[PDB]
Protein chains: 2
Amino acid sequence: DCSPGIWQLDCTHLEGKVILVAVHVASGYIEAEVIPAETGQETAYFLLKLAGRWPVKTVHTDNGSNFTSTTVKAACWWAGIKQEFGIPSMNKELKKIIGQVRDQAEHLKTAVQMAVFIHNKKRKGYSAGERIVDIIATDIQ
Amino acid sequence: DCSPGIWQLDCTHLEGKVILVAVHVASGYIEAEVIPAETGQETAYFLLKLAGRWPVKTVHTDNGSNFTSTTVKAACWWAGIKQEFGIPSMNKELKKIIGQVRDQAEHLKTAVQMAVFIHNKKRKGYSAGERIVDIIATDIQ
Ligand SMILES: Cc1ccc(-c2c(C)c(-c3ccc4c(c3)CCCO4)c([C@H](OC(C)(C)C)C(=O)O)c(C)c2NS(C)(=O)=O)cc1C
Ligand SMILES: Cc1ccc(-c2c(C)c(-c3ccc4c(c3)CCCO4)c([C@H](OC(C)(C)C)C(=O)O)c(C)c2NS(C)(=O)=O)cc1C
């Protein structure tokens, strides 16, 4: 897609831990966190966080059941987030970056944040970081 | 200040918990989290997070001892963050917003994220959210 407010949320697995990955669909910009468990509470909280930082209008996911819980629904309700029904793989890419930098850090969560840094700063010609900023700016002005 | 890469980090206290507050100095844009303890590990991790999301060049604080630990120093080293020596109160403002919305949520951390949302979206004429995006965009282009 190309629309400024569309985000993609999924959980992926590494080392028996779970990684919540949000992708800004138009930019390829990523926000990712290690969460203790794959619950609605964790997703609901992350949504709240994400919505305060970026203008989040619609959220897509590859696992619809992610968004069925009352907590998640409460977050989408309060932040004014609709579910994306317009989109009918960066978890592969992010895992590559985590694997390259894993030895550098003790905790997986630390390695994840390093991978988010690298991904968002690498120029492919802008970076994902510059792309998101320009996309939201030109949409605002 | 007015420089695009300057951030201000401090911890504040509510309900016997600690709130790490990052302010983007030029925009008034805020990133805040409840952390379990006021340690260097928490600060170091938050820095890593922040640096992956925004272009963080320099960090100021009102408590210099915040930045003395090896963990914090390791994060600033890896992300390429210098300490701000150019700047010689939104913790009052953020606390007002938390107090207004406190009843709405069970957990303080939830209330905090709601307060970050409100602060960043409220237009004062742009919002802090639009201000940061425009500041980083016009600096990039
Ligand atoms: C003397 C000394 C003191 C601290 C560390 C030490 C460091 C530097 C990092 C770290 C920080 C920042 C940082 C990196 C590592 C890797 C590059 C990016 O920034 C971490 C790091 O956890 C954090 C949650 C990010 C703090 C990790 O998960 O590795 C951890 C856990 C350490 N170990 S610790 C706090 O003692 O348990 C090491 C030595 C030799
Ligand atoms: C049936 C039912 C199910 C869930 C809740 C319930 C809700 C809605 C919220 C919440 C979520 C999202 C949200 C808000 C509240 C307030 C507005 C912003 O979004 C939270 C909320 O914690 C989170 C960490 C954000 C999940 C809080 O700290 O309050 C918590 C802790 C709940 N309670 S719970 C998960 O059972 O322990 C309530 C009812 C009646």
# chains A, B, ... in the order shown; residues from 1 in each chain; ligands from 1

$ interface_residues --of "chain A" --to "chain B" --cutoff "7 Å" --atoms "only C-alpha atoms" --output "VMD selection string"
chain A and resid 45 48 to 49 51 to 52 110 113 116 to 117 120 133 to 134 136 to 137

$ residues_around --residues "residue 63 in chain A" --least-positions-apart "6" --cutoff "9 Å" --atoms "only C-alpha atoms" --output "mmCIF file with C-alpha atoms, in the first residue's frame"
data_model
loop_
_atom_site.group_PDB
_atom_site.id
_atom_site.type_symbol
_atom_site.label_atom_id
_atom_site.label_comp_id
_atom_site.auth_asym_id
_atom_site.auth_seq_id
_atom_site.Cartn_x
_atom_site.Cartn_y
_atom_site.Cartn_z
ATOM 1 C CA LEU A 9 1.246 -5.853 13.308
ATOM 2 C CA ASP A 10 2.474 -9.424 13.791
ATOM 3 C CA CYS A 11 4.284 -11.547 16.356
#

$ decode --residues "range 46-96 of chain B" --atoms "N, CA and C atoms" --output "PDB file, in the first residue's frame"
ATOM      1  N   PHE B  46      15.995   2.142  26.847  1.00  0.00           N
ATOM      2  CA  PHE B  46      15.101   3.191  26.364  1.00  0.00           C
ATOM      3  C   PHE B  46      15.799   4.029  25.286  1.00  0.00           C
ATOM      4  N   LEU B  47      17.044   4.427  25.563  1.00  0.00           N
ATOM      5  CA  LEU B  47      17.903   5.129  24.593  1.00  0.00           C
ATOM      6  C   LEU B  47      18.021   4.402  23.266  1.00  0.00           C
ATOM      7  N   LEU B  48      18.264   3.095  23.350  1.00  0.00           N
ATOM      8  CA  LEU B  48      18.383   2.221  22.201  1.00  0.00           C
ATOM      9  C   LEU B  48      17.096   2.252  21.386  1.00  0.00           C
ATOM     10  N   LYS B  49      15.962   2.056  22.070  1.00  0.00           N
ATOM     11  CA  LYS B  49      14.630   2.179  21.493  1.00  0.00           C
ATOM     12  C   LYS B  49      14.469   3.522  20.796  1.00  0.00           C
ATOM     13  N   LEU B  50      14.640   4.617  21.548  1.00  0.00           N
ATOM     14  CA  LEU B  50      14.464   5.985  21.043  1.00  0.00           C
ATOM     15  C   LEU B  50      15.315   6.252  19.792  1.00  0.00           C
ATOM     16  N   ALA B  51      16.597   5.872  19.851  1.00  0.00           N
ATOM     17  CA  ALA B  51      17.550   6.067  18.756  1.00  0.00           C
ATOM     18  C   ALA B  51      17.191   5.329  17.459  1.00  0.00           C
ATOM     19  N   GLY B  52      16.479   4.207  17.572  1.00  0.00           N
ATOM     20  CA  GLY B  52      16.047   3.446  16.394  1.00  0.00           C
ATOM     21  C   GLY B  52      14.847   4.076  15.702  1.00  0.00           C
ATOM     22  N   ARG B  53      14.069   4.842  16.465  1.00  0.00           N
ATOM     23  CA  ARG B  53      12.826   5.470  15.996  1.00  0.00           C
ATOM     24  C   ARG B  53      13.021   6.892  15.455  1.00  0.00           C
ATOM     25  N   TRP B  54      13.904   7.662  16.096  1.00  0.00           N
ATOM     26  CA  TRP B  54      14.176   9.064  15.744  1.00  0.00           C
ATOM     27  C   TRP B  54      15.671   9.265  15.476  1.00  0.00           C
ATOM     28  N   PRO B  55      16.052  10.362  14.771  1.00  0.00           N
ATOM     29  CA  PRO B  55      17.495  10.590  14.685  1.00  0.00           C
ATOM     30  C   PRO B  55      17.979  11.356  15.927  1.00  0.00           C
ATOM     31  N   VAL B  56      18.445  10.609  16.938  1.00  0.00           N
ATOM     32  CA  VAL B  56      18.917  11.180  18.208  1.00  0.00           C
ATOM     33  C   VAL B  56      20.424  11.461  18.126  1.00  0.00           C
ATOM     34  N   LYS B  57      20.792  12.749  18.157  1.00  0.00           N
ATOM     35  CA  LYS B  57      22.192  13.176  18.128  1.00  0.00           C
ATOM     36  C   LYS B  57      22.730  13.491  19.524  1.00  0.00           C
ATOM     37  N   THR B  58      22.020  14.353  20.261  1.00  0.00           N
ATOM     38  CA  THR B  58      22.463  14.737  21.608  1.00  0.00           C
ATOM     39  C   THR B  58      21.336  14.614  22.618  1.00  0.00           C
ATOM     40  N   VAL B  59      21.716  14.242  23.838  1.00  0.00           N
ATOM     41  CA  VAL B  59      20.772  14.078  24.936  1.00  0.00           C
ATOM     42  C   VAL B  59      21.177  14.964  26.121  1.00  0.00           C
ATOM     43  N   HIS B  60      20.238  15.802  26.556  1.00  0.00           N
ATOM     44  CA  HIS B  60      20.347  16.551  27.806  1.00  0.00           C
ATOM     45  C   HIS B  60      19.529  15.861  28.910  1.00  0.00           C
ATOM     46  N   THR B  61      19.882  16.159  30.163  1.00  0.00           N
ATOM     47  CA  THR B  61      19.171  15.697  31.348  1.00  0.00           C
ATOM     48  C   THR B  61      19.377  16.708  32.460  1.00  0.00           C
ATOM     49  N   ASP B  62      18.429  16.754  33.398  1.00  0.00           N
ATOM     50  CA  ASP B  62      18.548  17.557  34.629  1.00  0.00           C
ATOM     51  C   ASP B  62      19.159  16.798  35.829  1.00  0.00           C
ATOM     52  N   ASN B  63      19.531  15.541  35.593  1.00  0.00           N
ATOM     53  CA  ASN B  63      20.285  14.745  36.552  1.00  0.00           C
ATOM     54  C   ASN B  63      21.427  14.031  35.830  1.00  0.00           C
ATOM     55  N   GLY B  64      22.594  14.681  35.781  1.00  0.00           N
ATOM     56  CA  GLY B  64      23.785  14.163  35.106  1.00  0.00           C
ATOM     57  C   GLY B  64      24.175  12.743  35.471  1.00  0.00           C
ATOM     58  N   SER B  65      23.981  12.373  36.742  1.00  0.00           N
ATOM     59  CA  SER B  65      24.318  11.026  37.241  1.00  0.00           C
ATOM     60  C   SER B  65      23.527   9.903  36.571  1.00  0.00           C
ATOM     61  N   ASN B  66      22.405  10.254  35.938  1.00  0.00           N
ATOM     62  CA  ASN B  66      21.668   9.352  35.039  1.00  0.00           C
ATOM     63  C   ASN B  66      22.570   8.665  33.985  1.00  0.00           C
ATOM     64  N   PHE B  67      23.617   9.361  33.532  1.00  0.00           N
ATOM     65  CA  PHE B  67      24.372   8.948  32.342  1.00  0.00           C
ATOM     66  C   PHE B  67      25.779   8.410  32.621  1.00  0.00           C
ATOM     67  N   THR B  68      26.062   8.108  33.890  1.00  0.00           N
ATOM     68  CA  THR B  68      27.389   7.681  34.346  1.00  0.00           C
ATOM     69  C   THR B  68      27.668   6.175  34.214  1.00  0.00           C
ATOM     70  N   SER B  69      26.609   5.366  34.214  1.00  0.00           N
ATOM     71  CA  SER B  69      26.729   3.909  34.154  1.00  0.00           C
ATOM     72  C   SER B  69      27.250   3.416  32.812  1.00  0.00           C
ATOM     73  N   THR B  70      27.995   2.310  32.876  1.00  0.00           N
ATOM     74  CA  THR B  70      28.526   1.574  31.718  1.00  0.00           C
ATOM     75  C   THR B  70      27.456   1.187  30.673  1.00  0.00           C
ATOM     76  N   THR B  71      26.309   0.690  31.134  1.00  0.00           N
ATOM     77  CA  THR B  71      25.204   0.350  30.222  1.00  0.00           C
ATOM     78  C   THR B  71      24.728   1.537  29.386  1.00  0.00           C
ATOM     79  N   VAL B  72      24.470   2.674  30.038  1.00  0.00           N
ATOM     80  CA  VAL B  72      24.046   3.898  29.350  1.00  0.00           C
ATOM     81  C   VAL B  72      25.128   4.315  28.347  1.00  0.00           C
ATOM     82  N   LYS B  73      26.377   4.335  28.813  1.00  0.00           N
ATOM     83  CA  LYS B  73      27.523   4.700  27.981  1.00  0.00           C
ATOM     84  C   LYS B  73      27.679   3.795  26.755  1.00  0.00           C
ATOM     85  N   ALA B  74      27.422   2.498  26.943  1.00  0.00           N
ATOM     86  CA  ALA B  74      27.432   1.514  25.859  1.00  0.00           C
ATOM     87  C   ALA B  74      26.373   1.817  24.784  1.00  0.00           C
ATOM     88  N   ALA B  75      25.157   2.171  25.220  1.00  0.00           N
ATOM     89  CA  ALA B  75      24.062   2.590  24.325  1.00  0.00           C
ATOM     90  C   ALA B  75      24.365   3.861  23.528  1.00  0.00           C
ATOM     91  N   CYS B  76      24.877   4.880  24.206  1.00  0.00           N
ATOM     92  CA  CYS B  76      25.253   6.148  23.565  1.00  0.00           C
ATOM     93  C   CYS B  76      26.395   5.938  22.612  1.00  0.00           C
ATOM     94  N   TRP B  77      27.367   5.111  23.009  1.00  0.00           N
ATOM     95  CA  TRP B  77      28.453   4.701  22.117  1.00  0.00           C
ATOM     96  C   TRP B  77      27.964   4.008  20.826  1.00  0.00           C
ATOM     97  N   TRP B  78      27.081   3.016  20.961  1.00  0.00           N
ATOM     98  CA  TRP B  78      26.622   2.207  19.821  1.00  0.00           C
ATOM     99  C   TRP B  78      25.703   2.990  18.867  1.00  0.00           C
ATOM    100  N   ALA B  79      24.791   3.775  19.441  1.00  0.00           N
ATOM    101  CA  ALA B  79      23.853   4.594  18.675  1.00  0.00           C
ATOM    102  C   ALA B  79      24.476   5.897  18.168  1.00  0.00           C
ATOM    103  N   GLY B  80      25.670   6.236  18.665  1.00  0.00           N
ATOM    104  CA  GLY B  80      26.390   7.465  18.269  1.00  0.00           C
ATOM    105  C   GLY B  80      25.763   8.706  18.876  1.00  0.00           C
ATOM    106  N   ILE B  81      25.437   8.626  20.169  1.00  0.00           N
ATOM    107  CA  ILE B  81      24.778   9.725  20.887  1.00  0.00           C
ATOM    108  C   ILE B  81      25.816  10.413  21.765  1.00  0.00           C
ATOM    109  N   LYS B  82      25.929  11.731  21.613  1.00  0.00           N
ATOM    110  CA  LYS B  82      26.758  12.574  22.479  1.00  0.00           C
ATOM    111  C   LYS B  82      25.901  13.174  23.611  1.00  0.00           C
ATOM    112  N   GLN B  83      26.540  13.616  24.692  1.00  0.00           N
ATOM    113  CA  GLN B  83      25.825  14.348  25.740  1.00  0.00           C
ATOM    114  C   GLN B  83      25.713  15.834  25.369  1.00  0.00           C
ATOM    115  N   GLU B  84      24.503  16.390  25.489  1.00  0.00           N
ATOM    116  CA  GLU B  84      24.240  17.802  25.181  1.00  0.00           C
ATOM    117  C   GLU B  84      24.873  18.733  26.223  1.00  0.00           C
ATOM    118  N   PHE B  85      25.800  19.570  25.745  1.00  0.00           N
ATOM    119  CA  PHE B  85      26.445  20.616  26.554  1.00  0.00           C
ATOM    120  C   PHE B  85      26.155  22.023  25.992  1.00  0.00           C
ATOM    121  N   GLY B  86      24.946  22.193  25.449  1.00  0.00           N
ATOM    122  CA  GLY B  86      24.479  23.466  24.884  1.00  0.00           C
ATOM    123  C   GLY B  86      23.300  24.085  25.620  1.00  0.00           C
ATOM    124  N   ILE B  87      22.442  23.241  26.207  1.00  0.00           N
ATOM    125  CA  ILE B  87      21.350  23.685  27.084  1.00  0.00           C
ATOM    126  C   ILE B  87      21.862  23.776  28.535  1.00  0.00           C
ATOM    127  N   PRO B  88      21.967  25.014  29.086  1.00  0.00           N
ATOM    128  CA  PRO B  88      22.562  25.203  30.414  1.00  0.00           C
ATOM    129  C   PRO B  88      21.597  24.836  31.540  1.00  0.00           C
ATOM    130  N   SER B  89       8.554  23.290  31.857  1.00  0.00           N
ATOM    131  CA  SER B  89       8.699  21.968  32.453  1.00  0.00           C
ATOM    132  C   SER B  89       7.492  21.093  32.115  1.00  0.00           C
ATOM    133  N   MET B  90       7.726  20.093  31.262  1.00  0.00           N
ATOM    134  CA  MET B  90       6.663  19.216  30.744  1.00  0.00           C
ATOM    135  C   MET B  90       6.345  17.997  31.604  1.00  0.00           C
ATOM    136  N   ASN B  91       7.155  17.756  32.631  1.00  0.00           N
ATOM    137  CA  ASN B  91       6.824  16.767  33.659  1.00  0.00           C
ATOM    138  C   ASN B  91       5.683  17.259  34.559  1.00  0.00           C
ATOM    139  N   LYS B  92       5.551  18.584  34.672  1.00  0.00           N
ATOM    140  CA  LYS B  92       4.396  19.230  35.308  1.00  0.00           C
ATOM    141  C   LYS B  92       3.144  19.066  34.436  1.00  0.00           C
ATOM    142  N   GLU B  93       3.287  19.356  33.138  1.00  0.00           N
ATOM    143  CA  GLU B  93       2.211  19.221  32.147  1.00  0.00           C
ATOM    144  C   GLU B  93       1.725  17.769  31.959  1.00  0.00           C
ATOM    145  N   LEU B  94       2.665  16.834  31.797  1.00  0.00           N
ATOM    146  CA  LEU B  94       2.328  15.417  31.598  1.00  0.00           C
ATOM    147  C   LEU B  94       1.614  14.838  32.809  1.00  0.00           C
ATOM    148  N   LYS B  95       2.000  15.288  34.006  1.00  0.00           N
ATOM    149  CA  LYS B  95       1.358  14.861  35.262  1.00  0.00           C
ATOM    150  C   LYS B  95      -0.096  15.328  35.366  1.00  0.00           C
ATOM    151  N   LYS B  96      -0.387  16.509  34.802  1.00  0.00           N
ATOM    152  CA  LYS B  96      -1.752  17.056  34.704  1.00  0.00           C
ATOM    153  C   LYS B  96      -2.639  16.155  33.855  1.00  0.00           C
TER     154      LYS B  96
END
